[PDB]
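Novice: Chains as they are written, first to last, in the working numbering: chain A, 1 to 470; chain B, 1 to 143; chain C, 1 to 23; chain D, 1 to 25.
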Amino acid sequence: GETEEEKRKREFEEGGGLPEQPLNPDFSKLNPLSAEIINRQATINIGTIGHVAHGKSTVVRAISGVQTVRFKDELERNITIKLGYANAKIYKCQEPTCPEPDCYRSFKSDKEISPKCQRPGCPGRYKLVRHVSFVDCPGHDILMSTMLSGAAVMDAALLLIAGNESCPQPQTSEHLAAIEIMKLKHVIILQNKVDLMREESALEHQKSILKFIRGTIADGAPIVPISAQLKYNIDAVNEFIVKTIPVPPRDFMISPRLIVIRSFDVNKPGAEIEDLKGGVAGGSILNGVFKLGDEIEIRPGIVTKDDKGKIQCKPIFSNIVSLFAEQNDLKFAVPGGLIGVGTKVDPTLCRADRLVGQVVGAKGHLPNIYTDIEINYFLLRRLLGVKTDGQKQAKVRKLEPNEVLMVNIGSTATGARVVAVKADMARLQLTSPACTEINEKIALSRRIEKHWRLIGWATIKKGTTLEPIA
Amino acid sequence: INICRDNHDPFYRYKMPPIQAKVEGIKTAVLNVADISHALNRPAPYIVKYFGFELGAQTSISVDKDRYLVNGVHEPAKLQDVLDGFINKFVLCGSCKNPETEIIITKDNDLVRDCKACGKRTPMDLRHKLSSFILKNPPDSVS
Amino acid sequence: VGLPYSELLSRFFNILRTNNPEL
Amino acid sequence: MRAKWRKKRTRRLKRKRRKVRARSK
RNA sequence: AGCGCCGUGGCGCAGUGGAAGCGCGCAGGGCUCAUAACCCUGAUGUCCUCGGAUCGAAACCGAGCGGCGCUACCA
Ligand SMILES: Nc1nc2c(ncn2[C@@H]2O[C@H](COP(=O)(O)OP(=O)(O)CP(=O)(O)O)[C@@H](O)[C@H]2O)c(=O)[nH]1
Ligand SMILES: [Mg+2]
Ligand SMILES: [Zn+2]
């Protein structure tokens, strides 16, 4: 005689709920798998890659259950520009009597510590092995900088391929090669379309996929047939994620930083502004233990041009009002997870795609903006993403002086001009600010066929720093 | 919806919507002239007056209020084919046959097809009545 | 090695024939 | 008929064929 | 999520404080030996759903519905 809502509240209470994070715990002892961290933040970032019009977000909603907005009326159907964020909790069940493959269970961010076992007849409770975040990268030919930024923030990969379509999909190859560029060898291949398939056709496509991945960097990548609409083979992907992907080294010794990819103004309309909030920047902490009430500055920040034409950068200092992660407001942030840093920053500053690929540093560190940067570049033999109708995939030409090139350092989408080209190094001038922290893997893309085309990889070697104006 | 041509069957190319006709007493009002006009970068009067030129009957044109009346009994096929003559003679360029070419006047009054992809100045058939029609009303500036 | 791929594949086909006999 | 207009039409057709020559040569 | 616009007889505009408006539609009649032009006469409707104001509200207002033009993806 109980409502579903009263029920859910009951088994949420019986599951231990969602405990509040402590104000000040012992950080020298915390691991990304402490029960304190896993319940209220994601420690592993997983990205999704695939061909256009494939349904990457559909697999994400099958796994977690949180939608990816898909906004802007026009972009409600075709393609979205920003990333796709959803939170999944990997619940294993402690009873070994039930079969291992259906033990694993992925649930939304709102799930409890120990909710009951949905399998009929099993009295076990789920234990949360890890909370993970999901980034749905774009899948189109024009949007490339956001994809590469997502790959840079990615820690694990999920490749999606459809079966009955043509076997050599070049968008998938471009995604995998870009993931290879930014030091990611943890990829799980996913066969999206298996229901409308024959027994021999699936085997032939599997053979084709296995033949495809022989000469690339990634060798031992698993392949899983999942159904995005039928909502099955969900536990298999979760157990594969648990097994093959370990934790990249990210501890508390490394200095704190932030890399903002998305911005979120907080200006709830219609109500009086006497009750208002700040402005949220969606950024990832690849290194750093950030807490509530800390000083931070956006390194490239305010971009201005004087009467002489010189580019001036005013780093945007700001006091962190709040940090948003997982579901509840959290006191201290765990590196290895997208976080909304909600600060006293201006409402307009976070309005549009403005804080897309910028570098932010806490008070107590000085990242350097650079105006001219020396890069060490390497490049492939043929472009990926060009469907040649039976003729020798376009072979890439060597770079030329005075060429506009889209250079993605980390997450920043900058247009560099070539000053010098050499055998294995090059010199780039940035009309848009970029900053150099430590190593910061880079990707290079050219204008060859109308739209952007990835060519190779690069690393920052030298540069001409610009001292910020106080 | 048409693929912007008649004897041309691609799956990828620039789009045009078909035009139709409703009855007035008799003269047919054509609903879909402004949209095709914008899809060909060519004002609606060129569409209507070209249709008339290949037709040979009294016509009425009013761009401010959407009542484009062309007099005669013309089944859908006949006017869509006359508009096909329009697009082939006027809209599409030479090399790639681009369904967006503008009509431009240089310092000489050489009314010319100008493209964007190939971008050539296709030698225009000034030996047509629509050439004089277009030269009478400079594009987007006298309409 | 993609042997643990075809087992899930046959599992999916078996559920396909279980749930949708008309297909 | 009006041989005025027939003669003028012949002159115009000759003009058009001459200009087609002019472009073609 | 909020503000400015609208609510047809088959379509475009209009007065919205005396209650269905014209052009264009159409059925029919008039004219012509004949057709059109014209001349005329007629038929469709819940100015959106429900209230306040008023002798009376499609109408002045409102306690909302359906759809549009901007802010802009607004924790
Ligand atoms: N047959 C089939 N269709 C699917 C499956 N999953 C999703 N789709 C369909 O794909 C279509 C588009 O899904 P969507 O997620 O928006 O594509 P997208 O991946 O975001 C576009 P991009 O690849 O550029 O990022 C949907 O209509 C959905 O029904 C599937 O598993 N099988
Ligand atoms: Mg997305
Ligand atoms: Zn052309």
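Where a beta carbon is used, it is the ideal one built from N, C-alpha and C, also for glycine.
Use the C-beta contact count for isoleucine 302(A): other C-beta atoms within 10 angstroms, 16 or more gives buried, fewer gives exposed.
Specialist: Looking up residue 302(A) in the first sequence gives position 302. In the assembly as shown, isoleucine 302(A) is an exposed residue. Its beta-carbon has fewer than 16 other beta-carbons within 10 Å.
Novice: Taking only three categories from DSSP, how would you classify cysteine 435(A)?
Specialist: The sequence position of residue 435(A) within the first sequence is 435, counting from 1. Strand.
Novice: Taking the straight line between their C-alpha atoms, what separation do you get for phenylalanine 71(A) and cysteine 137(A)?
Specialist: Position 71 of the first sequence, counted from the first residue, corresponds to residue 71(A). Position 137 of the first sequence, counted from the first residue, corresponds to residue 137(A). If I take the Cα positions, the gap works out to 15 Å.
Novice: Suppose you measure from the CA of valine 135(A) to the CA of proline 96(A); what does that come to, to the nearest Å?
Specialist: Numbered from 1 along the first sequence, position 135 holds the residue referred to as residue 135(A). Numbered from 1 along the first sequence, position 96 holds the residue referred to as residue 96(A). Those two C-alpha atoms are separated by around 32 Å.
Novice: How do the stretch 116-127 of chain A and the stretch 98-106 of chain A stand: do at least 3 beta-carbon pairs fall below 8 Å, yes or no?
Specialist: Judged by Cβ distances under 8 Å, the stretch 116-127 of chain A makes contact with the stretch 98-106 of chain A, as three or more pairs qualify.
Novice: By alpha-carbon positions, which one of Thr431(A), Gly385(A) and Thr436(A) ends up nearest to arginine 447(A)?
Specialist: Counting from 1 along the first sequence, the entry for residue 447(A) is found at position 447. The shortest Cα separation from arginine 447(A) among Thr431(A), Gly385(A) and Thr436(A) belongs to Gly385(A).
Novice: Looking at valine 33(B) and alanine 44(B), is the spacing between their C-beta atoms short of 7 Å?
Specialist: Here residue 44(B) corresponds to residue number 44 of the second sequence, with the count starting at 1. Here residue 33(B) corresponds to residue number 33 of the second sequence, with the count starting at 1. Yes.
Novice: Counting along the chain, where does the beta strand (DSSP E) carrying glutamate 374(A) start and finish?
Specialist: As a position in the first sequence, residue 374(A) is number 374, starting the count at 1. Looking at the DSSP string, the run of the beta strand (DSSP E) that includes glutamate 374(A) is 368-379.
Novice: Taking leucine 444(A) as the reference, which of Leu454(A), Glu437(A), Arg10(A) and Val266(A) has the closest Cα?
Specialist: Here the question's residue 444(A) lines up with position 444 in the first sequence. If we check each option's Cα against that of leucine 444(A), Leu454(A) comes out closest.
Novice: Indicate whether at least one CB of chain A lies closer than 7 Å to the CB of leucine 9(C).
Specialist: The residue labelled residue 9(C) in the question sits at position 9 within the third sequence. With 7 Å as the cut-off, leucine 9(C) counts as an interface residue toward chain A.
Novice: Contact between the stretch 449-464 of chain A and the stretch 360-377 of chain A: three or more CB pairs below 8 Å?
Specialist: yes
Novice: Which residues in the same chain have their Cβ closer than 8 Å to the Cβ of residue 473(A), if we skip the five residues on either side of it in sequence?
Specialist: Outside the shown range of chain A (1 to 470) lies residue 473(A), about which nothing can therefore be said.
Novice: Take the Cβ of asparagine 402(A) as the centre, count every other Cβ of all protein chains shown within 10 Å, and call the residue buried at 16 or more, exposed below.
Specialist: The sequence position of residue 402(A) within the first sequence is 402, counting from 1. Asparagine 402(A) comes out exposed.
Novice: At a cut-off of 6 Å, would you count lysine 395(A) as near ligand 3, judging by its Cβ distance to the nearest heavy atom?
Specialist: The sequence position of residue 395(A) within the first sequence is 395, counting from 1. No - ligand 3 has no heavy atom lying nearer than 6 Å to the Cβ of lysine 395(A).
Novice: Please report the distance separating the alpha-carbon of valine 52(A) from that of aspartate 275(A).
Specialist: Walking along the first sequence from the start, residue 52(A) turns up at place 52. Walking along the first sequence from the start, residue 275(A) turns up at place 275. Cα to Cα, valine 52(A) sits roughly 42 Å from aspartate 275(A).
Novice: Let me know the secondary structure DSSP gives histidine 186(A) once reduced to three states.
Specialist: As a position in the first sequence, residue 186(A) is number 186, starting the count at 1. Three-state DSSP puts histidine 186(A) in coil, outside helix and strand.
Novice: If we ignore side chains and look at the alpha-carbon of each, how far apart do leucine 40(B) and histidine 451(A) end up?
Specialist: Here residue 40(B) refers to the residue found at position 40 when the second sequence is read from its first residue. Here residue 451(A) refers to the residue found at position 451 when the first sequence is read from its first residue. Cα-Cα distance, rounded: 24 Å.
Novice: In whole angstroms, what is the alpha-carbon distance linking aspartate 6(B) and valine 396(A)?
Specialist: As a working mapping, residue 6(B) is identified with position 6 in the second sequence. As a working mapping, residue 396(A) is identified with position 396 in the first sequence. Near 39 Å, if we compare the C-alpha coordinates of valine 396(A) and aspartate 6(B).
Novice: Would you mind sorting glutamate 239(A) into buried or exposed? The rule is 16 or more other CB atoms within 10 Å of its CB.
Specialist: Working through the first sequence from its first residue, we reach residue 239(A) at position 239. Buried is the call here.
Novice: Tell me whether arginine 70(A) sits in a helix, a strand or coil according to DSSP, three-state version.
Specialist: Mapped onto the first sequence, residue 70(A) falls at position 70. If DSSP states are grouped into helix, strand and coil, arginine 70(A) belongs with coil.
Novice: Using a Cβ-Cβ cut-off of 7 Å (strictly less than) and excluding sequence neighbours within five positions of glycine 150(A), which residues of its own chain qualify?
Specialist: The count along the first sequence starts at 1 and reaches residue 150(A) at position 150. For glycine 150(A), where only same-chain residues beyond five positions count, the Cβ hits under 7 Å are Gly47, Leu83, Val135 and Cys137.
Novice: Given 8 Å as the limit, is there contact between the stretch 211-231 of chain A and the stretch 14-28 of chain A, that is, 3 or more CB pairs closer than that?
Specialist: Verdict: no, contact absent.
Novice: Note down, in chain order, every chain A residue with its Cβ under 7 Å from the Cβ of residue 24(C).
Specialist: Residue 24(C) cannot be examined here, being either before or after the span of chain C that is shown, 1 to 23.
Novice: Assuming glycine 283(A) contacts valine 260(A) (C-beta within less than 8 Å), just tell me the rounded distance between them.
Specialist: Taking the first residue of the first sequence as position 1, residue 283(A) is located at position 283. Taking the first residue of the first sequence as position 1, residue 260(A) is located at position 260. Indeed they touch by this definition, with Cβ atoms about 4 Å apart.
Novice: Please classify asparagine 19(C): does DSSP put it in a helix, a strand, or coil?
Specialist: By one-based count along the third sequence, residue 19(C) stands at place 19. In this structure, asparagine 19(C) counts as helix in the three-state DSSP scheme.
Novice: Please list, in chain order, the chain C residues whose beta carbon lies closer than 8 Å to that of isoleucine 316(A).
Specialist: Locating residue 316(A) in the first sequence gives position 316, where the first residue counts as 1. In chain order: nothing, as chain C lies at least about 49 Å away.
Novice: How big is the Cα-Cα spacing for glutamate 13(A) and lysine 211(A)?
Specialist: Residue numbering aside, residue 13(A) sits at position 13 when the first sequence is read from its first letter. Residue numbering aside, residue 211(A) sits at position 211 when the first sequence is read from its first letter. Approximately 51 Å between the Cα atoms of the pair.
Novice: Could you name the residues of the same chain whose beta carbon sits closer than 6 Å to that of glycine 15(A), not counting the 5 residues immediately before and after it, in chain order?
Specialist: Here residue 15(A) corresponds to residue number 15 of the first sequence, with the count starting at 1. Counting only Cβ-Cβ distances below 6 Å, and skipping sequence neighbours, we find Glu112, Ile113, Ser114 and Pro115.
Novice: List, from N- to C-terminal side, the alpha helix (DSSP H) runs of 4 residues or more that fit wholly inside the stretch 15-48 of chain A.
Specialist: 35-38
Novice: Could you tell me which chain C residues have their CB closer than 9 Å to the CB of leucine 210(A), listed as they occur along the chain?
Specialist: The residue labelled residue 210(A) in the question sits at position 210 within the first sequence. Those are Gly2, listed as they occur along chain C.
Novice: So what does DSSP say about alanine 177(A), is it helix, strand or coil?
Specialist: Here residue 177(A) is taken as the residue at index 177 of the first sequence, counted from 1. If DSSP states are grouped into helix, strand and coil, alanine 177(A) belongs with the helices.
Novice: What is the residue span of the beta strand (DSSP E) that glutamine 312(A) lies within?
Specialist: Position 312 of the first sequence holds residue 312(A). First-last of the beta strand (DSSP E) with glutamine 312(A): 311-324.
Novice: For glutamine 358(A), name the three-state secondary structure that DSSP assigns.
Specialist: Position 358 of the first sequence holds residue 358(A). Residue state, collapsed to three classes: strand.
Novice: Residues of the stretch 217-229 of chain A in Cβ contact with chain C at a cutoff of 8 Å, in chain order, please.
Specialist: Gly220, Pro222, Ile223, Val224, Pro225 and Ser227
Novice: What in chain C is Cβ-close to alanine 202(A), meaning under 7 Å?
Specialist: Along the first sequence, one-based indexing puts residue 202(A) at 202. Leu9, listed in chain order.
Novice: Is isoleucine 38(A) near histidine 131(A), with beta carbons less than 7 Å apart?
Specialist: To locate residue 38(A), count along the first sequence from 1; it is residue 38. To locate residue 131(A), count along the first sequence from 1; it is residue 131. Remark: C-beta atoms of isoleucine 38(A) and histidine 131(A) approach each other more closely than 7 Å.
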